[PDB]
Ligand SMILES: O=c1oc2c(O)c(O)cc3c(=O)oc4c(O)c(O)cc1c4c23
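As a starting point, one isolated chain is supplied in structure tokens, in the form deposited without the ligand.
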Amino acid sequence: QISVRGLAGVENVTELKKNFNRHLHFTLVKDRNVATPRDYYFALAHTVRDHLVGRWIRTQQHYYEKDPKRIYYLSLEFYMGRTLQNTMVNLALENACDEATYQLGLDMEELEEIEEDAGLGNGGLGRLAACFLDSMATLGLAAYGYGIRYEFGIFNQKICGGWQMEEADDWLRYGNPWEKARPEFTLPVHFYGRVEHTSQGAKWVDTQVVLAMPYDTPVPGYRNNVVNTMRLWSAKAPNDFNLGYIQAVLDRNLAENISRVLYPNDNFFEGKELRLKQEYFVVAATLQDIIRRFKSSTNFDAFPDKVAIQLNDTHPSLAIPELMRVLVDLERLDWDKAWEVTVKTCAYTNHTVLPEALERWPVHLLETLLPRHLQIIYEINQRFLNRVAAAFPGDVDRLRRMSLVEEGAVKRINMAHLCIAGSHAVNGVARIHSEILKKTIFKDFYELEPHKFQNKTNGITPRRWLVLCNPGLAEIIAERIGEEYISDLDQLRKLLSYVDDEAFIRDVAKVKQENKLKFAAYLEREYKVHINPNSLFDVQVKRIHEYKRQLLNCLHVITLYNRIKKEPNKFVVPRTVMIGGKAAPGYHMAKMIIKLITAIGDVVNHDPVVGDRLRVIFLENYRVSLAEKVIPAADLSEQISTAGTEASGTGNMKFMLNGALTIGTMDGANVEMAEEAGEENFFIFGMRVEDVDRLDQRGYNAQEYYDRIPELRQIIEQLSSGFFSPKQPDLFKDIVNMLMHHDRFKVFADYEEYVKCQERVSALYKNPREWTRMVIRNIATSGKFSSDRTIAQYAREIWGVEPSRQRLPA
């Protein structure tokens, strides 16, 4: 049909069709009279996977011959989403498969919708890992993702009576056709035990063994015939485990619990033992694999020339003491040499400054579970604090503040401190966030080791986030400037010369209108709900958090409702306000916010006077596959975190790429997005970081805003009095009470500037041609936000490897 989906060669289509029917028969053991849509999806998945196999074997082969430096991306989260369409895009098979399926009387879009999301992540951090693997394969780096094959990913969100309910994400029920189990590469992981000191050094004995069994998933580069590996570990009991008989066999589940379930907290620390077991499990099995591959090329001087280990936040921080333990206790290197190797091998990406997200593990937990690692951590701290003392003699306060060990009723290990000490590079994830790291939480470490601190601004893969989810926009761009931009997103600047072209203005607005029609139809077919596709689609999708200020959006929505009621017969730009996101199951306030959003919908969507001028929709089960549908349908992106709270964000970039204008704070990557597009092409409002600091020094009094802003007072009085909860008058007292007395994120302080800026948005939407010219200015400057840029900067400035766009042979 469209050109960026590749050729449908006659030979190619014939070949796909016979292999589809071979897999239906031999793989699925179905005839065509009993097959379901689900069987057809599996037959297609197996057929497309066959095109990966040759390239995967060849790539791993090439890396063995050439022996390049290897990159190990350690993450507890890989938010992959669906694999089938992404595989077709990257092998140029998409049109051939459409044609092949079409001639067997099937619709490929319908079969795509049957694939389960691999939801092995919470949000931004997990999805950054996924975008990174795609960019690493596209830039031909010998790169490996290492994590955990959770049996249950992020929970499925149902809404009942407007409340979040959680269901187990049983994503493996029907089987994963993309993974290959490698039980032959199974490795032991140790827990508990105690430390014996001998003549021959320290010895970790009386341990409990858990087996780590790897599953390999292919990661295809973009049309370069590179296929990298994502290796996820599964927990298996050894067969003598607990070995009356029956109970011993049943208790194997204790050990296999380690890989059972993803912790569903976004940007929050829960100090639970099962989580610490997850963190050690992925690190212990991974390091053993890294060292085995290295030894298959005595001498660890070359280890850092052949190995880079990137830590995705502190979650795999134990990689540092584990590498020491292997090099010191097992390889019998002296401490100083092993430490040199560790520091030149490891680099740490910090993703947050929120204090409740920083991993601070109680010592009693580490003492019981990893006794040797705690000894190594103490040894690291003593030697690190000896270097601080020498550089800053007499600064005892510095010593206490920089310690890896926090004093307190409970002693804790600050894993962030461990990561800075044990890494040659520490990066934040947007320029403003990396600056905040040097000015505030890591100021002491910066002053000791200024050379370690870098910025690597986040990005998104334009493969999944443009070609895959928005083929129509991809195509009109490819008509003007060719295909090459897909692996070189900076080429989108050429679109600035098309900003006064009537034809291109018409095409950009037509694609947006087609995406909205398609998404409005999708809402009706799966959730029986009537929306106006001529309305402005105002979209805030992201995890539910106080810092992300879904509540500020709520206040705007109630303001528009109250203005309509005051003056019913006045014209307003119609809006569909869509908010979506999961709350962590234990996060009471995040659950109340979801409930308030649906409570507002219940009132405004059934007010006859409102008409179709204002609709409030809660998008259920926001996940990667819903993001691929709603982000292309969006007109306004809501990026409204309190300045200095959102380290980067990446949703922001997805929307810029897809033809939505941004309303946002000078927070995270929003700052660089505005800088790339021009501030005049961005709906900037609210406090800067400096303004929030000034408010903090003085004291935030929310009462002051309630007394001065009648529009705001009316909303607070409505919430209190049960305007939005008639049956439970006081349902929202916790929300009012937080906004009035303990708002860490200063929602009222930004209210007035938010509403005025939202008026500036409505005014521009009234002029389609100028709205669309501003959209073109956004899409055309979005190139910086390619994860290809990000990964090339990691490779050159951290890992010491040259990216490459050269094809391997097919």
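Heads up: residue numbers just count along the shown sequence, starting at 1.
Below, we refer to the form solved in complex with the ligand, which is not included among the displayed structures.
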Blocked or open, judged by overlaying the ligand from its pose in the deposited complex and testing 2.4 Å from backbone or C-beta atoms: open
Does at least one non-hydrogen atom of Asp98 fall within 4.5 angstroms of the ligand in the deposited complex? no
Given that the ligand is not shown alongside this chain, does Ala584 nevertheless sit within 4.5 Å of it in the deposited complex, heavy atom to heavy atom? yes
Is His545 near the ligand? Define near as a heavy atom within 4.5 Å, in the deposited complex. yes
Can you work out whether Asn265 and the ligand are in contact in the deposited complex, taking contact to mean some heavy atom pair no more than 4.5 Å apart? yes
Indicate whether the candidate residues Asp490, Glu679 and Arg777 are all in contact with the ligand in the deposited complex, with contact defined as any heavy atom within 4.5 Å. no
Location of the ligand contact in the deposited complex, chosen stretch of 320-328, 479-487, 545-553, 693-701 [non-hydrogen atom, 4.5 Å]: 545-553
Find the only residue in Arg744, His741, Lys756, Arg769 having a heavy atom within 4.5 Å of the ligand in the deposited complex. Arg744
Heavy atom within 4.5 Å of the ligand in the deposited complex - residue from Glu270, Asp170, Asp336, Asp305: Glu270
In the deposited complex: members of 355-382 within 4.5 Å of the ligand, any heavy atom: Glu356
